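Each remark here refers to the structure printed beneath this line.
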Amino acid sequence: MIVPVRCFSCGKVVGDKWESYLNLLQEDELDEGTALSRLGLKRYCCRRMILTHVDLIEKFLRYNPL
Amino acid sequence: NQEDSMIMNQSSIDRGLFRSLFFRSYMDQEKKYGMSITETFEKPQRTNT
Amino acid sequence: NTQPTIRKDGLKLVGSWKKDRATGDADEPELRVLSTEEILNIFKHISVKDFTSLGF
Amino acid sequence: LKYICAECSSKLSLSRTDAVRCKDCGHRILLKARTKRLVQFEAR
Ligand SMILES: [Zn+2]
Ligand SMILES: [Zn+2]
């Protein structure tokens, strides 16, 4: 259930930043706050989704398909 | 919004807010009476049933 | 596949593929003349040990 | 191009009164081979 696009509030292109956020939070062990700030999401309107999105697709893909 | 009603953004709905899947299923199988006088699963013709 | 019964008439060989694979009984066999070429072809495919079993 | 069952997805292509069980495995599932046709969905 991938990261959505076009913040419901604003509509800015969101989701292209998903990989950057994931790695940045991982190899740089920064907080989300500075992470999103340097990501460039000044408004909190966008901030909510990246803050509270769960990529279920991983748990989905575990199944052997077909 | 009067009396517990509310308003929501059309544009937000467009962008995906509160979108939902919806699944229904159906049940069916053959029948036995013998001496197998049973039914079938095929497109019946107009002059058949 | 189902081997049809073979009947003899004059100098020809005919087969009756009853085939009954419909849900209904569908009593409807096919009377097809066995074209000699297909018989020759199927004979060409017989195993050698069959000849010994079949006395050839 | 007619029938596929679980985890051994080979073209079963069965027709009628033809041993519903999978040839390959003992599965009894036989998904129904999504159509070759084409469909229209709206972007909205
Ligand atoms: Zn936003
Ligand atoms: Zn199978």
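Chains as they are written, first to last, in the authors' numbering: chain j, 1 to 66; chain b, 834 to 882; chain A, 169 to 224; chain l, 27 to 70.
We treat Cβ as the ideally placed atom computed from N, Cα and C, and that holds for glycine.
Distance, residue j Cα to residue i Cα
i	j	result
b/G867	b/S853	47 Å
b/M839	j/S9	17 Å
l/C48	A/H213	29 Å
b/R879	l/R42	22 Å
A/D188	l/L64	36 Å
A/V216	A/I210	13 Å
A/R200	A/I174	10 Å
l/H53	b/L850	41 Å
A/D195	b/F874	20 Å
j/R62	j/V54	16 Å
j/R43	b/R848	18 Å
j/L56	l/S39	34 Å
j/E58	b/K876	41 Å
b/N834	b/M841	10 Å
Of the residues the options, the one placed nearest residue i, counting alpha carbons only
i	options	result
b/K864	A/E198, A/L208 and A/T191	A/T191
j/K17	j/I57, j/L41, j/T34 and j/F60	j/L41
A/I207	A/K176, A/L181 and A/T170	A/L181
b/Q862	b/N834, b/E872 and b/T882	b/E872
A/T204	A/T170, A/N169 and A/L179	A/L179
Distance cut-off 7 Å: residue i Cβ against heavy atoms of ligand 2
i	result
j/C10	no
b/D861	no
A/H213	no
residue 226 of chain A	Absent from the structure is residue 226 of chain A, since the part of chain A shown begins at 169 and ends at 224.
residue 105 of chain l	Any answer about residue 105 of chain l is impossible in this case: the structure gives chain l only from 27 up to 70.
j/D55	no
Residues near residue i in its chain [Cβ-Cβ closer than 7 Å; skip 5 each side]
i	result
j/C7	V14, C45, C46 and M49
According to DSSP, residues forming a beta bridge with residue i
i	result
residue 118 of chain A	Absent from the structure is residue 118 of chain A, since the part of chain A shown begins at 169 and ends at 224.
residue 113 of chain A	It is not possible to answer for residue 113 of chain A, since the shown part of chain A is limited to 169 through 224.
A/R175	A/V182
l/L57	l/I30
Residues near residue i by beta carbon distance below 6 Å, same chain, minus five either side
i	result
j/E29	none
l/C34	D50 and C51
Residue i beta carbon near ligand 1 (any heavy atom closer than 7 Å)
i	result
b/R848	no
l/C31	no
l/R60	no
Own chain residues within Cβ distance below 8 Å of residue i, not counting five before or after
i	result
A/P197	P172, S184, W185, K186 and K187
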